[PDB]
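One structure is given below, encoded as structure tokens.
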Amino acid sequence: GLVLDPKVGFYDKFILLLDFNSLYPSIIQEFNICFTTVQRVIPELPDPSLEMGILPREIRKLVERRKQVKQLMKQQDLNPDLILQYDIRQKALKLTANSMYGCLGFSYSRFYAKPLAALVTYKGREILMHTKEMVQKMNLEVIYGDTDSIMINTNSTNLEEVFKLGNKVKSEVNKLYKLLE
Amino acid sequence: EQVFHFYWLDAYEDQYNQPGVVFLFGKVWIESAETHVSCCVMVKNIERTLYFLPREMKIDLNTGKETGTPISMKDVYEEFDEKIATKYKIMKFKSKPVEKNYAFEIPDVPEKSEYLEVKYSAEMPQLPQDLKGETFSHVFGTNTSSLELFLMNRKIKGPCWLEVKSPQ
Amino acid sequence: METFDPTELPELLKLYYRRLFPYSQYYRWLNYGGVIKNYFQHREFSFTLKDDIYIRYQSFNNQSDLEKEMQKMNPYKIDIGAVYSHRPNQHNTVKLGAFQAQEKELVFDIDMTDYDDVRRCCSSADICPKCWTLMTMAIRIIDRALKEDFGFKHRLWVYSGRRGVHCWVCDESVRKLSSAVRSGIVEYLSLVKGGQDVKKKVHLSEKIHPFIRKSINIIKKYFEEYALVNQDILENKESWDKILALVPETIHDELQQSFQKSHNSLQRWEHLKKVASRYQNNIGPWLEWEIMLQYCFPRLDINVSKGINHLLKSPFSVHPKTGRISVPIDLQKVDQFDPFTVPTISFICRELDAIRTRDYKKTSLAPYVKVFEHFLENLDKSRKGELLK
Amino acid sequence: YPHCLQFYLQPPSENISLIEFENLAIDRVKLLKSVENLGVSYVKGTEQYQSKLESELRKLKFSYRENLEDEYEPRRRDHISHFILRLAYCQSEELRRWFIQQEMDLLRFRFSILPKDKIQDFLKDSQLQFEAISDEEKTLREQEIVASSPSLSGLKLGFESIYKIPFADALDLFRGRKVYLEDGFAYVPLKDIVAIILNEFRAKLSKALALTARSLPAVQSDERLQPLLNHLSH
Ligand SMILES: [Zn+2]
């Protein structure tokens, strides 16, 4: 993937992370990446108006089931043991999503798809890097990120202000890319 | 009729000791001890399954040049049942008309053609993966495992309680 | 003509498609000399079978298959698709997504459903020769426009059968046009802006395009004959209130008094012309010009032309309602062409029942068939020429 | 290198030293940044803009009418410098948009530089066909062109050249019914000609920059070009 050169130094201001997990599943949802969908023979992006393919079906099923479990954490007045069960199920769904891309790109795997994996990695690098320059635009500074986390310096000393800054950047990136979490 | 159920944890397959027999392992409830205790279960006659790809225009097997006649599922059926069966020691199988889909990277493969689902018991020797026929281009499922066929054709999604009838 | 009985269709269709249909002639028509590798093998055919059953994807290999499939099921309707990369009848056998149109025809449709607010003679689904003037002028205008503006040499119109016709402009470069090209062309040829039954649907500027000028020059040969004599649009207050709705209100009183003091649509229209000329001198908009454009100019449908895989009735078929045969339109005989003389399957079966397969010559289809061989002779001549040179 | 303007769609295959490589990279970066800043400060058509950017070109020797000096050094410099900027700029969509803006400014200025006599042979060298019409054809079809023309006031069809184009090349132009069509051929003034060519050029550059973005990971393995090509513009 793409690894940013670190702005090495001492940063006295607040530092908050941005976990780029489920990035590849989110991409596969968004651009409809599937074996039945891509016209491999360097591949090309499939048609957007085309029907939602196979891999998106199961990964979106997992994401929606995780979302409904997340709802079940909002409703209080539940047995704590069942709350722990819901948390375990949500975490399992998270890791299964994260490994979705794993099962497709490896010579170690059955479904080794060099072009499909290359397309997914290219899209991931592109979107993370776009987030990088635009968060530069929004008058902050980024110092490190490789497809699984983003280090962000704040230039601020108020924790709540930093948190709401993270919330606003999360919301804007979520409205820029629909299924990314 | 006596029936019982268990929670299956393990699934073992062997290709040479007891080929075609997957020893499913699991965790059974017993009424006599009013608890759960270890159980073994095994299933035989897990037939190997193949999917022959009939061609469209019969080519000469020696050179690949066209022989001037079309190809049908019936055509590949006889071609198999005499020559391939005699060469690789097959005496019984259940050829059926089955339509399946392929959407992977094996080159020159129709997406939704017709497949000759050749279902023969696993005792007969497994066919070579690069088998080619005068009538059929290639066949899938050569070494595809009895364990995965069991898991895949019995709709057993992960570890779930298994109901078994007529326990021999 | 006698009245048509729709219950004789199951036998009449079988007889016609057994004996009289120009199968191999249509075969050359869609084969186009077999220049492309499998242009006819990827040709799309669409049929409507018995009991309103619709089936879409068929591909055929030769005239033998065409004959067998046509005489085996006897569809009520024959419909045409496009030509794709692989065979449409096995389209599912090819990988998903790879299925894409690469060549297709460009078609233009004008129908009586487009003139419900225009015709004072017929209902939505009815026609008459005295309302056929609009269709004739539309044919002539589209003819000149495509033949000179774009040089479209192989223009073929086919009569739909009841309330409209279809065109078939079969140049090769036309066959390889892109969706954007066809769209840009259809908005290039669009002048009528059909809204939510807006009173005014045609407006112009001071500068006049030669396109519109030539179109109107053609139309003026028909306005007096049709709008003012065949339709007589200025016979009643309600009759000319539709025109007054387009005319500015400052002219309404003078038009009303002129029409009351007159007694016929011709006199009222010439008074309208005088008053409109006075208004133009005082102020131009060319009122006489947009009103006639809104009353006569063809009102097209965007989708049928813009679709790279749209479906439309084939020629030489039969109309399920009226039974008329979807025959080409003779480019030389347009001003006097009539839809009620178009052969009907009942009459042509009676001709066959009153009797190398050239039996159409003894049938009333014969002149229109010779029109079809004339068109395909033009196609063959152009193919041979622009291939050899 | 057959003509001064050139469309950049054939990468060079020569061998150059590292010092010349960096000199070209830095010089073209300076040229494009100057184009950006000058276009921001001034209006794109004023003689002050034209003369100032001409002086910038002369001090950076990137373009000039053909002579003994022009053939070898300057146009070759333009070629390799543009392609190394392609490598530098294909990283991001924002950088691609920036580069496209400045190169359109550059190419429009260069086209304004070229005298009217040589634009014919430039279009001929451009490998995509366009046919200029004769004076007799212009005089015969002047009334049609004016009647079907856009809001350009008056009947005046001045010295501006008119070309013959396949209709499929000017889709957005003719689809507004603001041009005359003759047997599937259009006739167009110079401003719309340059608009069409710049739109086509931006399409080709977008596709080529996307392709080079697909080619970046292989070409970045070198260690003597990574720390530059990461930061020519940034
Ligand atoms: Zn009528």
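What you see of chain C is 1-283, 289-360, 379-412, where the numbers are those given in Swiss-Prot.
This deposition comes from electron microscopy, 4.1 Å.
Each residue, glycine too, has its Cβ placed from N, Cα and C.
Marked as active site by Swiss-Prot on the basis of sequence analysis: C:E44, C:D109, C:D111. The Mg(2+) 2 binding site annotation in Swiss-Prot covers C:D109, C:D111, C:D306. What Swiss-Prot lists as Mn(2+) 2 binding site is C:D109, C:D111, C:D306, and the listing cites experimental evidence. The Mg(2+) 1 binding site annotation in Swiss-Prot covers C:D109, C:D111. Summarising the annotation, Swiss-Prot assigns Zn(2+) binding site to C:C121, C:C122, C:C128, C:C131 and lists experimental evidence as the type of evidence. Under the heading motif 'Zinc knuckle motif', Swiss-Prot lists C:121-131, citing experimental evidence as support.
Sequence features, as recorded in Swiss-Prot, placed on the structure.
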| residue | record | contacts (Cβ under 8 Å, 6+ apart) |
| --- | --- | --- |
| C:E44 | active site | C:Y57, C:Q58, C:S59, C:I80, C:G81, C:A82, C:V83, C:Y84, C:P88, C:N314 |
| C:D109 | active site | C:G164, C:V165, C:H166, C:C167, C:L305, C:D306, C:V309, C:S310, C:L317 |
| C:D111 | Mg(2+) 2 binding site | C:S160, C:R163, C:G164, C:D306 |
| C:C121 | Zn(2+) binding site | C:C128, C:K130, C:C131, C:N230, C:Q231 |
| C:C122 | Zn(2+) binding site | C:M112, C:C128, C:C131 |
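Sequence-distant contacts of the motif 'Zinc knuckle motif' (C:121-131) (same chain, six or more residues past either end, CB-CB distance under 8 Å): 112-113, 162-163, 226, 230-231, 343-345.
In this structure, C:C128 are the recorded positions from C:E44, C:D109, C:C128, C:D306 whose C-beta falls under 6 Å of some atom of ligand 1. Fewest Cβ neighbours within 10 Å among the binding-site residues C:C128, C:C131: that distinction goes to C:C128. Under the DSSP three-state reduction, C:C131 (Zn(2+) binding site) is assigned to helix. If you draw a 10 Å sphere around the CB of C:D306 (Mg(2+) 2 binding site), it holds 16 other CB atoms from the protein chains shown.
Same-chain residues with CB within 8 A of the center of the C:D109, C:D111, C:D306 CB atoms, the Mn(2+) 2 site residues themselves not counted, are C:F108, C:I110, C:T113, C:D114, C:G164, C:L305, C:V309. Shown in sequence order, C:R119, C:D126, C:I127, C:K130, C:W132 are the same-chain residues outside C:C121, C:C122, C:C128, C:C131 whose Cβ sits within 8 Å of the Cβ centre of the Zn(2+) site. Secondary structure at C:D109 (active site), taken from DSSP and collapsed to helix, strand or coil, is strand.
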